[PDB]
2 protein chains.
Amino acid sequence: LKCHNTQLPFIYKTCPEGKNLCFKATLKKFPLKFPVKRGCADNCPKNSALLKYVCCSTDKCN
Amino acid sequence: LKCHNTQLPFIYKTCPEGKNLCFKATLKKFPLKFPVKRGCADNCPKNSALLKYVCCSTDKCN
C-alpha cells in the first residue's frame, strides 16, 4: 500500500507491514482546501473534537 | 457502532458484533455527493470498477 502522506498530491510513502489503511484528517468545524493530516493506519482512527477521520484500503486513495 | 445503512440521512443500524467500521460507497466518476451504499464493514472495502469506498470508526460517521 502507498498512501498520500503530506497535504500535497504526489508525495506518498509505502505503508509499513502492520498498516493497511490510509487515512485523511479533515478540519471538522471549518472547511479547508487541503487535509490536516494524511498517512497510514493499522486501525482507522476515531474522530476527535477538531478533526474528522476517513480511511480507505487502496493505494493512493487518501 | 451505529452506521447509516440506507440512501437517506437518518436510518441507521447497530453494527453486528465485530464490524467496527462504517462505510460509504460513492460513484467513482461523477459529482453525486450522496451515497450509493452504506452499512457496516469488517475490513474496509477496496475501490471497485465504479464505486469508491470510504470508512470511518465512530457512530453515524458515514
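Every chain is numbered from 1 and lettered A, B, ... according to where its sequence line falls, protein lines coming before strand lines.
Residues satisfying the salt bridge (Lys or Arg N to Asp or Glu O under 4.0 Å) test with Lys46(A), not counting sequence neighbours, are none. Taking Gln7(A) as the reference, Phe34(A), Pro35(A) meet the side-chain contact (heavy atoms from CB on, under 4.5 Å) condition, with sequence neighbours excluded. Taking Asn5(B) as the reference, nothing meets the side chain to side chain donor-acceptor pair (under 3.5 Å) condition, with sequence neighbours excluded.
Between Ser57(B) and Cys44(A), the shortest heavy-atom distance links the atoms OG-O, 2.8 Å.
Cluster partners of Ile11(B), using a side-chain heavy-atom cutoff of under 4.5 Å among ILVMFWY residues and allowing indirect links, are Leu8(B), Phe10(B). Hydrophobic side-chain contacts under 4.5 Å tie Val54(B) into a cluster, directly or through other members, with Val54(A). Through side-chain heavy atoms spaced under 4.5 Å, either directly or across other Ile, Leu, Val, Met, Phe, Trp or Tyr residues, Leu1(A) is tied to no other residue.
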Distance-only criterion, 3.5 Å: show the donor-acceptor pairs between side-chain atoms of residues 14-32 of chain A and protein atoms not counting sequence neighbours.
residue	atom	partner	partner atom	Å
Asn20(A)	ND2	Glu17(A)	O	3.4
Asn20(A)	ND2	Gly18(A)	O	2.9
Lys28(A)	NZ	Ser48(A)	O	2.6
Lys29(A)	NZ	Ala49(A)	O	2.5

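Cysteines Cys56(B) and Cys61(B): SG-SG separation is under 2.5 Å.
Every pair passing salt bridge (charged side-chain N to carboxylate O under 4.0 Å, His left out) that includes a residue from residues 47-62 of chain A is listed here, sequence neighbours excluded: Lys2(A)-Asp59(A). Residue pairs that meet the salt bridge (charged side-chain N to carboxylate O under 4.0 Å, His left out) test with at least one member in residues 4-15 of chain A, sequence neighbours left out, do not exist here.
Side chain of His4(B) to backbone of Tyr12(B): no donor-acceptor contact under 3.5 angstrom is found.
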